[PDB]
Every structure is written in C-alpha cells, then in structure tokens.
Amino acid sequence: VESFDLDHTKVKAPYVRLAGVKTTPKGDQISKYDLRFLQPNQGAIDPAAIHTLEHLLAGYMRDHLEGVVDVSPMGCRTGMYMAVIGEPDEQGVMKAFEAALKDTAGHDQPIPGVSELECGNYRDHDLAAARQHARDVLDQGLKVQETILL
C-alpha cells in the first residue's frame, strides 16, 4: 500500500513508522515515514516551532540518512513526514532521526536559511521551542510503531 489506513487512537508517540511504500517503474522503492513527535489529538506543535524544526531537520536528517527526497511538517502538526529512496528500513530511520534530534536539541547557532531570500516566512520561527520539542522526544524515547489499521 502507498498509504496504510492508520488508526490514530492506537499508536504510541513518539515513534517512527513506515507509512507506505511506492514501487517505481524500474523496480526501485520510495519509502514514506511518519516521524511522530506528539500523541495524535492531544496537542500540536506551534506553527513557528514546526517551521524551525523543518529548517533544522531538513539538514540534520540528510546528515544521517542517504536518499532523502523530502522532510516536511504534517498538516496535523504532531510530527514530520519523510520520503526516502530505498527499501523500508524503520530501524535505520529511527537511529537517523535520533541522531538528527540530538543535533536539533543542541543547535545553538542561528537557524539556517532564515531570511527574505531563503525562506517564505522568515518572521515565523522559534528555535527555543523547536530545541525543546526535540529534547522532549529524546527524553520520552523513540520506538518503531506498528501500523494498526482501522
């Protein structure tokens, strides 16, 4: 399936979960992952904080994982979505996400790409909140979440 029918009341955040896999015409695979920060419907990450997380993780995830096609916030704002070129590898993605979260928690330099030239809403950021969201996930501890279908 390209997108499994997930029961959001059954998962246990924070986690890494293979959200789907698409086969390309030549036989390669694109794997999609649900990088869940918060428990579905128990709160959301503020828009400025998730915007900063996107800027930081776009770089940090790529520092720890090859084949990343996109790292983007989810509309529900409880986590990030990522598409990767490669066979499903939840364990490898979890370790990469963990390393990237440590980079994020300790990011005390200016936020990369924040300017009128490089960002579509450079006034809407929050490094302190992004760093703390990363710290909270690490404190809670990641796990590979199984997909529970509705």
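Quick note: we count residues from 1 along the sequence shown, nothing fancier.
- When the mean C-alpha temperature factors of 5 to 13 and 124 to 132 are read from the deposited coordinates, 5 to 13 comes out higher.
- Note on 48 to 56 vs 84 to 92: mean CA B-factor is higher in 84 to 92.
- Among the modelled residues of the chain, residue 65 sits in the highest third by CA temperature factor in this PDB entry.
- When the modelled residues of the chain are ordered by their C-alpha B factor, residue 108 lands in the highest third.
- Looking at the C-alpha B-factors along this chain, the one for residue 137 belongs to the middle third.
- Residue-level temperature factors show residue 29 in the middle third of its chain, judged at the C-alpha atom.
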